[PDB]
Each structure stands twice: as structure tokens, then as C-alpha cells.
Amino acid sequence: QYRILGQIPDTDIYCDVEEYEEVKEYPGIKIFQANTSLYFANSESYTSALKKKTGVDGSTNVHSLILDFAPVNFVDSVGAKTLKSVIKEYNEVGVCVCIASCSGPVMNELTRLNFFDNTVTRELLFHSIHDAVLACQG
């Protein structure tokens, strides 16, 4: 259900770190992946799993979270609420939250839900996990 991703060397391919020893994460960056939806039924699991699987217990030097939305087909009002809080709360404790591969329909659903404001902007969105890493690295 929830996974942390790492890079296959010399590629643009990201796989589960706990299923492929060959992949390596980037220092200070955690890449978190969920499934088809972020909506009312699983937004609580998502935030919980995001805190746990990443280990940002304010106990490590993780400065950036990348959310892999490639699998996400559907978002609803609660899902959007939750995601927005995730971003603002991680921001408050020094963690940049960026989103990879958010499809046009999801972006559209997010905008209808007034997800984007001066704080949460579309500049947090990237075409790929790759582009996101580059950005989070500065």
C-alpha cells in the first residue's frame, strides 16, 4: 500500500527500496508513493503512513518530501484538504513538499477544490520524480 522509492543507477526508474537493494535514495530526500486515490476513505492512512515510512520524526536531516502522484487517478474534497495540510505542516517544520507526475485531470480536480493558493502553488508540481529531485536538491 505505501512505499519509499529509490533510483536505479543510471536511470530515470524508481523502485521500492525494500524490494530492490540496487536502488539508492538521495540524502535528505524521501520519495513516498501511494495508490489510485487520495480521498476520504484513505486520507488518514496516507498521512499516517507518510509520517511513519519516511521517518521524518524530526529526528533525521530530511529536508524534502517528493510525493509520487503517477498512480493517483482520483482526488476528492477531503483528500485535497489532507494533502494541503500535509504540505503546510511539513513546511512549518522545515520540510519542502513537492509533487511528481500529477495528471491533468487530478490537477483539474484540485483546482476546483481551491487547493492552490499563494502558499500551495503549482510550482510544487513536476513532470517526473526526476525533475522533482533536481528541484529539491537546489
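When you see a residue number, it is the position in the sequence shown, counting from 1.
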item	value
Mean C-alpha B-factor comparison - 32 to 40 and 100 to 108, higher one	32 to 40
Stretch with the greater mean C-alpha B-factor as recorded in the entry, comparing 75 to 83 against 57 to 65	57 to 65
Lowest, middle or highest third - CA B-factor, residue 122	lowest
CA B-factor ranking of residue 129, expressed as a third of its chain	middle
Residue 17 by Cα B-factor - lowest, middle or highest third of the modelled chain	highest
